[PDB]
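J.: Handing you this structure, nothing more for now.
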Amino acid sequence: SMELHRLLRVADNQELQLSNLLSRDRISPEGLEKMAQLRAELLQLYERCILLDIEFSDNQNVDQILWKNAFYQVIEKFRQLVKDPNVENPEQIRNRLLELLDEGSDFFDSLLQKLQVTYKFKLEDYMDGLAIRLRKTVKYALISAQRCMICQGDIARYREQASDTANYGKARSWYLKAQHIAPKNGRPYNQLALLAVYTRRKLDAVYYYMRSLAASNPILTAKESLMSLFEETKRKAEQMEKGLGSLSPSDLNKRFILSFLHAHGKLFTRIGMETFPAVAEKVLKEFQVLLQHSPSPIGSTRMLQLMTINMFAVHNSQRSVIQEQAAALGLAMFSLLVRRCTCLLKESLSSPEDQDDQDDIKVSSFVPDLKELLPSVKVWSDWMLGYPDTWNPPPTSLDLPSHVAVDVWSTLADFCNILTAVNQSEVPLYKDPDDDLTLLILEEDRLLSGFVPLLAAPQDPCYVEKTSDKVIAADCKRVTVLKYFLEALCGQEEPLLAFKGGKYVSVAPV
């Protein structure tokens, strides 16, 4: 304990010297030598601490301080010198920056191995949060390891920029591996959002910044980042403002993403909401057409990002008009998804009471266009069970300029009706583990792991035989979840759906 405090005591004084050296407008070749000397002592000091007592280190923020003092400060000073016209040999300074980055990459590669050796674990045994199984020291060593991976990403990104290139592929891989370690940390999403802005992937950038805000450890800076992004979107939408079934999938898609971001800008910035109803109708109209294209121009992964942003807007909205309008938009897009899923199902039937078991729709017969949409339908339905008071009673604040409404509850009743003819028993699902069984995790639940709003929906483990087809198994689980969802809505106190006169129907208000 006293040895640790002794180590940090030395470090702070080392840092005081480094900070002062860096304050200078220029750094002599003698100044650069001393800096190298200071950084090396710093690293040895910090690393010893980490490898002596990881929990102490975490509590003293040694990782954060290591990065800030020995790397961030220095890197940023170098970037400034290279651009200073007062600097006579900028290319030589660039070269020292590259060198420092490469030595940086080695340092963190080495520290990652040491963490594993010192605290006795392999990283690959902890990359699946959804694995049901932590020693207090391994908990903290994983936390630190995640920080090392974020540092590797930042180093890789710095390297690209120092080289006037933009192959951000390595940086992204480091951030993705960091997110896997601990999905509740907002920082990996924030850094991934930055990569998206560099590459002008606007929707991904908004998605990831929102992930960063809706994490257990949020990155508040993401707020300002989004304001700036949405300001830029507002401009581009207003600029593009100076039939749908005729456009190509690609053109319609590009148009849709812009409308969608425009609507969410208004919701996020709370500016220009007086014309939210018109942008919302535009979003829904375009979304409705994109759903009819085969294969989906949008795709499951993007669809899930859309659902995520919709859920975020509903929570970020606090029951105000704005919160009702966010919920209305989400519910409407959810409804159009379900409707399309219904068409798809019945493209593959008698009346409910008259359904014969030999005519049931087998899950293994699901067409690929249906399979692409079900993960998003399931995740939104999870969200709804999590926040029943946002949609029951239904929001009433959104009135589209055409006054044509989307009937969520009738659409859900129809879905319930076609679903009764679906047989999901091809792969039996079990509540309890067994030697012949194994854990079924859905790809969409993995993706959204860490998203705080979804922490309120059930997480009940699900087991299937090791011999079962895992694709069919996953869809049988989705169908079971949606059937339970629809049952839950029928069993609600003041229910919006009911089985009535031989079929499921809407009993929601006019």
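By convention here, the chains of the structure tokens are called A, B, ... in the order presented, each chain's residues are numbered starting at 1, and ligands are numbered starting at 1 in the order presented.
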Quick one: residues within 8 Å of residue A:78, only C-alpha atoms counted, chain neighbours fewer than 4 positions away excluded, as an NGL selection string?
T.: :A and (74 or 82 or 93-94 or 97)
J.: Please identify all polymer residues within 9 Å of residue A:109, counting only C-alpha atoms, omitting same-chain residues fewer than 3 positions from it, and present them as a ChimeraX atom specification.
T.: /A:104-106,112-114,148-149,152
J.: Name the residues in contact with residue A:482 at a cut-off of 8 Å, using only C-alpha atoms, excluding same-chain residues fewer than 4 positions from it; report them as a list in words.
T.: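 What passes the distance filter is residues 378, 381, 478 and 486 of chain A.
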J.: Those same residues - C-alpha atoms - I'd like them written as a short mmCIF file (atom, residue, chain, number, x, y, z; two decimals), in the first residue's frame.
T.:
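Done, and the output landed in out-v5.cif:
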data_model
loop_
_atom_site.label_atom_id
_atom_site.label_comp_id
_atom_site.auth_asym_id
_atom_site.auth_seq_id
_atom_site.Cartn_x
_atom_site.Cartn_y
_atom_site.Cartn_z
CA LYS A 378 -38.82 -8.80 -31.64
CA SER A 381 -41.70 -5.72 -28.78
CA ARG A 478 -38.42 -15.22 -31.97
CA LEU A 486 -49.20 -10.60 -28.08
#
J.: Got a sec: who's within 9 Å of residue A:130, counting only C-alpha atoms, leaving out chain neighbours fewer than 6 positions off, as an MDAnalysis selection string?
T.: chainID A and resid 441 445:446 449
J.: Which residues are close to residue A:376, i.e. within 9 Å by only C-alpha atoms, leaving aside same-chain residues fewer than 4 positions away? Reply as a PyMOL selection string.
T.: chain A and resi 300-301+303-307+334+337+372+380-381+444
J.: Would you mind exporting C-alpha atoms of the selected residues as an mmCIF file, in the first residue's frame?
T.:
data_model
loop_
_atom_site.group_PDB
_atom_site.id
_atom_site.type_symbol
_atom_site.label_atom_id
_atom_site.label_comp_id
_atom_site.auth_asym_id
_atom_site.auth_seq_id
_atom_site.Cartn_x
_atom_site.Cartn_y
_atom_site.Cartn_z
ATOM 1 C CA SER A 300 -31.569 -6.442 -40.536
ATOM 2 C CA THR A 301 -28.518 -4.741 -39.003
ATOM 3 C CA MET A 303 -33.136 -1.984 -39.260
ATOM 4 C CA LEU A 304 -31.980 -2.736 -35.684
ATOM 5 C CA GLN A 305 -30.027 0.552 -35.634
ATOM 6 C CA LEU A 306 -33.282 2.285 -36.663
ATOM 7 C CA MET A 307 -35.164 0.590 -33.792
ATOM 8 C CA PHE A 334 -43.005 -0.881 -35.809
ATOM 9 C CA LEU A 337 -42.686 -3.737 -40.115
ATOM 10 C CA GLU A 372 -34.605 -10.174 -42.205
ATOM 11 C CA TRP A 380 -39.138 -3.375 -30.442
ATOM 12 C CA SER A 381 -41.702 -5.721 -28.784
ATOM 13 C CA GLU A 444 -30.008 -9.031 -32.068
#
J.: Give me the residues within 9 Å of stretch 182-189 of chain A as a PyMOL selection string, counting only C-alpha atoms and dropping any in the same chain fewer than 6 places off.
T.: chain A and resi 127+129+142-143+146+150+175-176+207-219+448-452
J.: Can you spit out the residues from that selection as a compact mmCIF listing (two decimals), in the first residue's frame, using N, CA, C and O atoms?
T.:
# COMPACT_ATOMS: atom_id res chain seq x y z
N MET A 127 -15.25 -12.70 -23.88
CA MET A 127 -15.72 -11.85 -24.98
C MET A 127 -17.20 -12.03 -25.26
O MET A 127 -17.73 -11.43 -26.20
N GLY A 129 -20.54 -11.58 -23.27
CA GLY A 129 -21.31 -11.17 -22.11
C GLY A 129 -22.50 -12.09 -21.89
O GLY A 129 -22.80 -12.46 -20.76
N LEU A 142 -10.09 -6.79 -16.52
CA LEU A 142 -10.85 -6.74 -17.77
C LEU A 142 -11.19 -5.30 -18.09
O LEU A 142 -11.10 -4.87 -19.24
N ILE A 143 -11.57 -4.56 -17.05
CA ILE A 143 -11.83 -3.14 -17.18
C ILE A 143 -10.58 -2.45 -17.75
O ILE A 143 -10.67 -1.75 -18.75
N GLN A 146 -9.88 -3.35 -21.37
CA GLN A 146 -10.76 -2.63 -22.26
C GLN A 146 -10.21 -1.24 -22.53
O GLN A 146 -10.28 -0.74 -23.65
N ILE A 150 -9.15 0.56 -26.14
CA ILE A 150 -9.55 1.90 -26.58
C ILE A 150 -8.31 2.74 -26.93
O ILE A 150 -8.26 3.42 -27.96
N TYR A 175 -11.71 -0.96 -31.35
CA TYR A 175 -12.86 -0.45 -30.60
C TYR A 175 -13.95 -1.51 -30.47
O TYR A 175 -14.61 -1.62 -29.43
N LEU A 176 -14.15 -2.30 -31.52
CA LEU A 176 -15.19 -3.34 -31.48
C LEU A 176 -14.82 -4.40 -30.44
O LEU A 176 -15.68 -4.85 -29.68
N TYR A 207 -26.32 6.63 -34.52
CA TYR A 207 -26.50 5.38 -33.78
C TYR A 207 -25.47 5.21 -32.66
O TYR A 207 -25.84 4.94 -31.52
N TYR A 208 -24.19 5.34 -32.99
CA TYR A 208 -23.15 5.07 -32.00
C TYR A 208 -23.08 6.13 -30.91
O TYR A 208 -22.86 5.80 -29.75
N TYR A 209 -23.26 7.40 -31.27
CA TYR A 209 -23.30 8.43 -30.23
C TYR A 209 -24.47 8.16 -29.27
O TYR A 209 -24.33 8.30 -28.06
N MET A 210 -25.61 7.74 -29.81
CA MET A 210 -26.74 7.43 -28.93
C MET A 210 -26.46 6.22 -28.06
O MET A 210 -26.86 6.20 -26.89
N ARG A 211 -25.78 5.22 -28.62
CA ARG A 211 -25.34 4.07 -27.82
C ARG A 211 -24.49 4.59 -26.67
O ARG A 211 -24.59 4.11 -25.54
N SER A 212 -23.64 5.57 -26.97
CA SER A 212 -22.73 6.09 -25.97
C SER A 212 -23.46 6.83 -24.86
O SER A 212 -23.05 6.76 -23.70
N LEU A 213 -24.55 7.52 -25.19
CA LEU A 213 -25.37 8.17 -24.16
C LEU A 213 -26.22 7.19 -23.35
O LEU A 213 -26.47 7.41 -22.17
N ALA A 214 -26.67 6.11 -23.98
CA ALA A 214 -27.58 5.18 -23.31
C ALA A 214 -26.85 3.99 -22.71
O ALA A 214 -27.41 2.91 -22.58
N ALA A 215 -25.59 4.19 -22.35
CA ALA A 215 -24.79 3.18 -21.68
C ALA A 215 -24.76 3.45 -20.18
O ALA A 215 -25.05 4.56 -19.74
N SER A 216 -24.41 2.45 -19.38
CA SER A 216 -24.34 2.63 -17.94
C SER A 216 -23.32 3.70 -17.55
O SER A 216 -23.54 4.48 -16.62
N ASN A 217 -22.20 3.74 -18.28
CA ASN A 217 -21.18 4.79 -18.12
C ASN A 217 -21.16 5.73 -19.32
O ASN A 217 -20.27 5.62 -20.17
N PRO A 218 -22.12 6.67 -19.39
CA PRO A 218 -22.29 7.45 -20.62
C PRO A 218 -21.16 8.41 -20.90
O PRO A 218 -20.45 8.80 -19.98
N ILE A 219 -20.99 8.79 -22.17
CA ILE A 219 -20.04 9.83 -22.55
C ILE A 219 -20.79 11.12 -22.89
O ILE A 219 -21.16 11.35 -24.04
N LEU A 448 -27.55 -5.50 -29.09
CA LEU A 448 -28.10 -4.40 -28.29
C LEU A 448 -27.72 -4.51 -26.82
O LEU A 448 -28.12 -3.68 -26.02
N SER A 449 -26.95 -5.54 -26.48
CA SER A 449 -26.42 -5.68 -25.14
C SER A 449 -25.70 -4.39 -24.73
O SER A 449 -24.83 -3.90 -25.45
N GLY A 450 -26.08 -3.82 -23.59
CA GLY A 450 -25.47 -2.61 -23.10
C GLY A 450 -26.41 -1.42 -23.20
O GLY A 450 -26.22 -0.41 -22.51
N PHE A 451 -27.40 -1.52 -24.08
CA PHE A 451 -28.39 -0.47 -24.25
C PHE A 451 -29.30 -0.46 -23.03
O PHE A 451 -30.09 -1.38 -22.81
N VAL A 452 -29.16 0.59 -22.22
CA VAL A 452 -29.85 0.70 -20.93
C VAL A 452 -31.37 0.50 -21.03
O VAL A 452 -31.89 -0.37 -20.35
J.: List every residue of stretch 251-466 of chain A that DSSP, applied to the backbone, labels as strand (DSSP E), and write the result as a list in words.
T.: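 After running DSSP on the backbone, stretch 251-466 of chain A has strand (DSSP E) at residues 361, 362, 422, 423, 437, 438, 439, 463, 464 and 465 of chain A.
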J.: Just to be explicit: take each residue in the selection above, keep N, CA and C atoms, and write the result as a tab-separated table (two decimals), in the first residue's frame.
T.:
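Final file, out-v6.tsv:
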chain	number	residue	atom	x	y	z
A	361	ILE	N	-48.01	-23.15	-40.63
A	361	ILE	CA	-46.82	-22.61	-41.27
A	361	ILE	C	-45.60	-23.01	-40.46
A	362	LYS	N	-44.71	-23.79	-41.06
A	362	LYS	CA	-43.51	-24.21	-40.35
A	362	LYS	C	-42.46	-23.10	-40.38
A	422	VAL	N	-48.88	-20.46	-37.15
A	422	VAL	CA	-47.45	-20.75	-37.23
A	422	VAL	C	-47.08	-21.77	-36.18
A	423	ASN	N	-46.36	-22.81	-36.59
A	423	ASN	CA	-45.89	-23.80	-35.63
A	423	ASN	C	-44.40	-23.68	-35.36
A	437	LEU	N	-28.14	-30.12	-24.05
A	437	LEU	CA	-28.64	-28.83	-24.49
A	437	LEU	C	-27.52	-27.80	-24.54
A	438	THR	N	-27.82	-26.65	-25.14
A	438	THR	CA	-26.89	-25.52	-25.13
A	438	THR	C	-27.64	-24.19	-25.23
A	439	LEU	N	-27.01	-23.13	-24.73
A	439	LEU	CA	-27.64	-21.82	-24.64
A	439	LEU	C	-27.92	-21.20	-26.01
A	463	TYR	N	-32.67	-22.74	-23.86
A	463	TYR	CA	-31.76	-23.83	-24.20
A	463	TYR	C	-32.33	-24.73	-25.29
A	464	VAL	N	-31.48	-25.14	-26.22
A	464	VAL	CA	-31.91	-26.05	-27.28
A	464	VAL	C	-30.92	-27.20	-27.38
A	465	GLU	N	-31.36	-28.30	-27.96
A	465	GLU	CA	-30.50	-29.45	-28.17
A	465	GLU	C	-29.31	-29.08	-29.03
